[PDB]
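Residue numbers (PDB author numbering), protein chains in the order written: chain H, 28 to 597; chain I, 443 to 494. So the structure is just underneath, and the comments pick up after that.
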Amino acid sequence: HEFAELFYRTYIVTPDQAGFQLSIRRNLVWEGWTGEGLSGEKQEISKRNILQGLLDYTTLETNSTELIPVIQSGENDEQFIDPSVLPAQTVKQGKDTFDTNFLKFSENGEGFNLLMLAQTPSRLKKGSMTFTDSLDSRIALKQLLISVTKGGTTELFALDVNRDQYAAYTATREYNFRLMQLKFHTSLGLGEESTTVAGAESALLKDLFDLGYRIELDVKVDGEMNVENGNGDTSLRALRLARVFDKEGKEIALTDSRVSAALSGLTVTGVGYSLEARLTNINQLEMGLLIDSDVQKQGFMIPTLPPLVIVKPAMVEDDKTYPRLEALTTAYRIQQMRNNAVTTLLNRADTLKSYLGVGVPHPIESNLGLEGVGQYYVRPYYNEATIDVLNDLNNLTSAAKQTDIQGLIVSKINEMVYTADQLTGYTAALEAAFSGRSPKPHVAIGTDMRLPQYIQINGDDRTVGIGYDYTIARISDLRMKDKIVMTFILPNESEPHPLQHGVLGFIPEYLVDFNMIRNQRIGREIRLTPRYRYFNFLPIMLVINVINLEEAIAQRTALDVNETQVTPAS
Amino acid sequence: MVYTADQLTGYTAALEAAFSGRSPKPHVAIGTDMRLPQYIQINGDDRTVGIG
Numbered sequence: 028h029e030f031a032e033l034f035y036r037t038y039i040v041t042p043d044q045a046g047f048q049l050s051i052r053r054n055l056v057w058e059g060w061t062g063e064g065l066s067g068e069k070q071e072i073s074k075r076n077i078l079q080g081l082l083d084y085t086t087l088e089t090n091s092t093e094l095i096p097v098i099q100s101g102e103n104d105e106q107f108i109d110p111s112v113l114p115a116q117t118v119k120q121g122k123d124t125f126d127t128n129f130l131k132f133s134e135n136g137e138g139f140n141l142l143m144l145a146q147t148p149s150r151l152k153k154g155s156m157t158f159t160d161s162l163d164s165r166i167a168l169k170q171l172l173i174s175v176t177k178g179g180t181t182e183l184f185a186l187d188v189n190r191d192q193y194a195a196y197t198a199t200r201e202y203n204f205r206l207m208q209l210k211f212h213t214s215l216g217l218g219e220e221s222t223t224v225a226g227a228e229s230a231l232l233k234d235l236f237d238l239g240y241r242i243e244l245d246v247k248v249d250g251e252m253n254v255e256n257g258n259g260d261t262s263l264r265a266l267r268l269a270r271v272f273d274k275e276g277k278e279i280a281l282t283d284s285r286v287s288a289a290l291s292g293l294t295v296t297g298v299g300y301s302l303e304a305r306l307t308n309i310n311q312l313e314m315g316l317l318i319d320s321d322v323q324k325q326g327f328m329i330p331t332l333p334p335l336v337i338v339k340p341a342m343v344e345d346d347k348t349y350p351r352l353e354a355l356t357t358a359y360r361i362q363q364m365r366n367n368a369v370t371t372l373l374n375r376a377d378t379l380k381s382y383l384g385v386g387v388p389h390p391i392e393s394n395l396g397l398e399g400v401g402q403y404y405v406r407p408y409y410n411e412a413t414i415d416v417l418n419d420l421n422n423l424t425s426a427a428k429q430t431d432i433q434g435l436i437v438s439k440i441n442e443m444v445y446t447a448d449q450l451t452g453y454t455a456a457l458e459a460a461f462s463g464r465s466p467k468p469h470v471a472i473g474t475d476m477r478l479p480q481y482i483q484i485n486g487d488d489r490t491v492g493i494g495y496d497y498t499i500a501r502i503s504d505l506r507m508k509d510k511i512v513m514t515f516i517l518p519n520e521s522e523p524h525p526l527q528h529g530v531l532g533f534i535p536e537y538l539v540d541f542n543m544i545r546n547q548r549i550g551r552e553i554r555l556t557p558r559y560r561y562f563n564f565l566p567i568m569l570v571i572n573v574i575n576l577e578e579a580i581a582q583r584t585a586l587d588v589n590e591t592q593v594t595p596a597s
Numbered sequence: 443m444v445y446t447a448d449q450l451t452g453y454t455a456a457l458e459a460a461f462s463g464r465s466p467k468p469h470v471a472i473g474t475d476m477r478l479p480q481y482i483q484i485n486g487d488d489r490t491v492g493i494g
């Protein structure tokens with residue numbers, strides 16, 4: 028029969044065994060080093076599947092060589108700006124949680140030693156700086172902080188300057204074989220919708236912002252930096268309001284009444300700046316990102332089932348009171364592969380309902396409630412939708428009603444297939460498990476005997492969607508009335524491969540013919556003792572409920588006239 | 443109506459079991475008076491009694 032075969036793959040085992048254990052492998056990416064030494068007990072650890080790194084983008088991203096200046100209270104406060112302007116910022120690197128701020132300018136003062144300042148607590152524990160740690164080739168400005176002051180109100184702006192035209196240190200030799208020179212010659216723009224550090228529009232510039240005007244500030248900053256001893260310095264040379272543009276792009280003179288009124292009393296003063304520098308550490312102190320592996324074992328047991336007996340007298344031979352053994356074989360078929368498949372399938376549906384919620388995805392191997400070895404490969408996912416054909420059928424011609432009832436179901440089923448595929452990343456899992464062959468998913472359709480005449484299409488590949496293979500199986504059980512069941516299947520494989528939706532552990536067992544007395548009567552008995560079990564691997568299932576179709580055809584299917592309120596009612 | 447009768451009666455399985463080999467698709471006899479039939483017969487319209 029088709030229905031049981033389609034969803035559950037047949038898997039035969041020798042009669043001597045009682046079950047099979049499945050070996051699965053996993054590659055893990057994790058921030059390593061449980062604790063910080065060696066001790067007892069088990070602590071608390073996390074591991075991330077590398078495939079889950081495909082979906083989320085923060086799994087394997089680490090910066091352990093970025094030199095962020097680290098505040099040390101009472102030892103380096105003079106090289107940081109006064110904290111009365113901008114409070115310190117908590118920045119997370121590895122495990123250390125420290126505070127940072129913008130380095131202060133100076134002109135006639137001595138330079139700052141960048142390397143000694145950025146000594147992180149993790150580096151504190153491992154010892155002081157070495158003399159062999161040298162800065163990377165690229166050293167560039169990260170952030171400029173300027174203050175526009177009018178009266179007693181101070182406004183702070185975070186004008187990003189990184190990866191601009193002139194923002195990269197360049198090599199030139201005047202003193203040493205290692206010096207780096209900075210020529211930040213450019214005018215920066217302060218747009219008509221840019222926001223302050225504390226968020227929301229600044230108040231001191233509202234006049235130009237309303238009329239769609241922007242201001243141009245010419246900035247000249249110079250700098251010297253040595254990539255061997257961390258000694259460097261930066262000078263602020265020029266900063267001033269330069270030009271004002273209109274919203275459409277012509278210069279407006281400073282002498283204009285509006286511009287002159289808006290810019291009266293404004294002062295722009297440099298405060299701080301941040302350097303982005305990296306440690307091209309050859310001898311290395313950073314520990315990177317560990318990789319791990321682990322294996323998981325899963326047990327599977329195959330039980331025995333009650334027998335089916337026929338009794339015939341042991342003095343007269345019969346072929347009518349005992350129909351030939353084929354009767355028992357047919358009874359065995361109907362008992363086993365008709366009812367148990369459906370019962371297991373619907374039990375899986377209800378269990379998924381109970382556990383996985385409705386339509387809410389789940390991280391990889393994040394739940395333990397279900398049978399599954401594909402549970403190590405794709406996100407668990409369960410979604411259902413009901414179709415009220417009475418309320419959801421477009422029609423303007425009763426001759427075209429059949430095509431429309433086709434199209435509604437087809438579009439909805441395509442939507443469900445797409446949403447499952449997209450949210451669980453199933454195709455990526457297939458491309459990972461198999462090499463050299465990326466198979467488009469094959470989607471099975473399980474329905475009852477009269478619904479296919481309205482869902483089938485010969486002429487479109489859209490029956491489950493383009494580039495999709497679908498096979499409709501029909502079963503007559505009334506538990507399957509008005510219900511659609513779908514899942515992903517690999518058709519060409521017949522082995523316990525964890526991406527199978529389910530495997531039917533089936534044993535060959537044969538009748539036992541003999542004479543036997545029971546409560547003092549004579550007769551021959553034939554016992555047929557089945558053993559078989561349905562197992563489930565894939566935790567993905569979608570349910571489509573079709574209802575109200577009878578009155579849908581029977582009753583008028585009016586065009587659901589959507590007005591939009593052109594009358595005094597909105 | 444024909445599909446619903448097929449569902450609730452199980453006629454198809456009966457035919458499949460009773461006759462070995464060929465599994466004839468069911469026939470539907472259509473009986474009416476002089477007036478209607480010219481309207482049941484198609485003049486360019488979707489399906490007749492349904493495929494099969």
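For every residue, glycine included, the Cβ atom is placed at its ideal position computed from N, Cα and C.
inquiry  = Can you look up residue 497(H) in the DSSP assignment and give me helix, strand or coil?
reply    = strand
inquiry  = Less than 7 Å separating the Cβ of residue 454(I) from some heavy atom of the ligand SAH?
reply    = Among the components modelled here there is no ligand, and therefore nothing to report on the ligand SAH.
task = Can you give me, in chain order, the residues of the stretch 445-470 of chain I that have a beta carbon less than 9 Å from any beta carbon in chain H?
result = 445, 446, 448, 449, 452, 454, 455
query = chain I partners of residue 480(H), CB-CB under 7 Å?
reply = 445, 492
8 Å contact criterion, which residue 452(H) and residue 387(H) should meet: CB distance rounded = With 8 Å as the limit, residue 452(H) and residue 387(H) do not qualify as a contact, their Cβ atoms being about 16 Å apart.
key: Reduced DSSP category for residue 234(H) - H, G, I as helix; E, B as strand; rest coil   = helix
query = Cβ atoms of residue 365(H) and residue 504(H): under 8 Å apart, would you say?
reply = In contact: residue 504(H) and residue 365(H) (Cβ atoms closer than 8 Å).
inquiry  = Do residue 125(H) and residue 118(H) count as a contact pair if the criterion is CB distance below 8 Å?
reply    = yes
inquiry  = Can you find the residues in the same chain that come closer than 7 Å, C-beta to C-beta, to residue 466(H), ignoring five residues on each side of it along the sequence?
reply    = 457
task = Return the CA-CA distance between residue 237(H) and residue 247(H), expressed in angstroms with no decimal places.
result = Between residue 237(H) and residue 247(H), the C-alpha separation is close to 29 Å.
For residue 203(H) and residue 114(H), the rounded distance between their alpha carbons = Going from the Cα of residue 114(H) to the Cα of residue 203(H) covers about 38 Å.
ask   = From residue 205(H) to residue 156(H), what distance separates their C-alpha atoms?
value = The straight-line gap separating the alpha-carbon atoms of residue 205(H) and residue 156(H) is approximately 20 Å.
request  = Anything in chain I within Cβ reach of residue 381(H), meaning under 7 Å, just list it in chain order.
outcome  = Ordered by position in chain I, no residue passes the 7 Å Cβ test against residue 381(H), which lies about 30 Å from the chain.
query = What is the residue span of the alpha helix (DSSP H) that residue 382(H) lies within?
reply = Looking at the DSSP string, the run of the alpha helix (DSSP H) that includes residue 382(H) is 368-383.
query = Would you call the stretch 78-93 of chain H and the stretch 573-587 of chain H in contact, with 3 or more CB pairs under 8 Å?
reply = no
ask   = Would you call the CB atoms of residue 289(H) and residue 249(H) closer than 8 Å?
value = Against a cut-off of 8 Å, the Cβ pair of residue 249(H) and residue 289(H) comes out as no contact.
ask   = Going by C-alpha distance, which of 492(H), 444(H), 367(H) is nearest residue 502(H)?
value = 367(H)
query = According to the Cβ coordinates, are residue 534(H) and residue 558(H) closer than 8 Å?
reply = Result yes, Cβ atoms of residue 534(H) and residue 558(H) sit closer than 8 Å.
Spatially closest choice to residue 488(I) from 391(H), 207(H), 585(H), 433(H), by CA coordinates = 433(H)
query = Who are residue 211(H)'s beta bridge partners in DSSP?
reply = 248(H)
query = Less than 8 Å separating the beta-carbons of residue 524(H) and residue 514(H)?
reply = Taking 8 Å as the Cβ cut-off, residue 524(H) and residue 514(H) do not qualify as a contacting pair.
Chain-order list of residues whose beta-carbon lies under 6 Å from that of residue 138(H) (same chain, five-residue window excluded) = Excluding residues within five positions, the ones whose Cβ falls inside 6 Å are 258, 259, 260.
Per-residue burial, residue 106(H) [other beta carbons within 10 Å of its own, 16 or more giving buried] = buried
Chain H contact for residue 475(I) (CB, 8 Å cutoff) = no
query = Can you round the beta-carbon distance between residue 470(H) and residue 437(H) to whole angstroms, since I take them to be within the 8 Å contact cut?
reply = With 8 Å as the limit, residue 470(H) and residue 437(H) do not qualify as a contact, their Cβ atoms being about 13 Å apart.
query = How about residue 323(H) and residue 48(H): do their beta carbons lie closer than 8 Å?
reply = The Cβ atoms of residue 323(H) and residue 48(H) do not sit closer than 8 Å to each other.
ask   = Listing by chain order, which chain I residues have their CB less than 9 Å from the CB of residue 412(H)?
value = By Cβ distance, chain I contributes nothing, its closest Cβ being about 23 Å from residue 412(H), past 9 Å.
request  = Check distances from the C-beta atoms of the stretch 414-428 of chain H to those of chain I and list, in chain order, the residues that come in under 9 Å.
outcome  = 426, 427, 428
task = Look at the alpha carbon of residue 58(H) and the alpha carbon of residue 313(H), and state the distance between them as a whole number of angstroms.
result = C-alpha separation (whole angstroms): 13 Å.
task = State the start and end residues of the unbroken beta strand (DSSP E) segment that holds residue 30(H).
result = Taken as a continuous stretch (DSSP letters only), residue 30(H) belongs to no beta strand (DSSP E), being part of the alpha helix (DSSP H) at 29-34.
request  = Compare the C-alpha of residue 230(H) against each of 280(H), 245(H), 293(H) and name the closest.
outcome  = 293(H)
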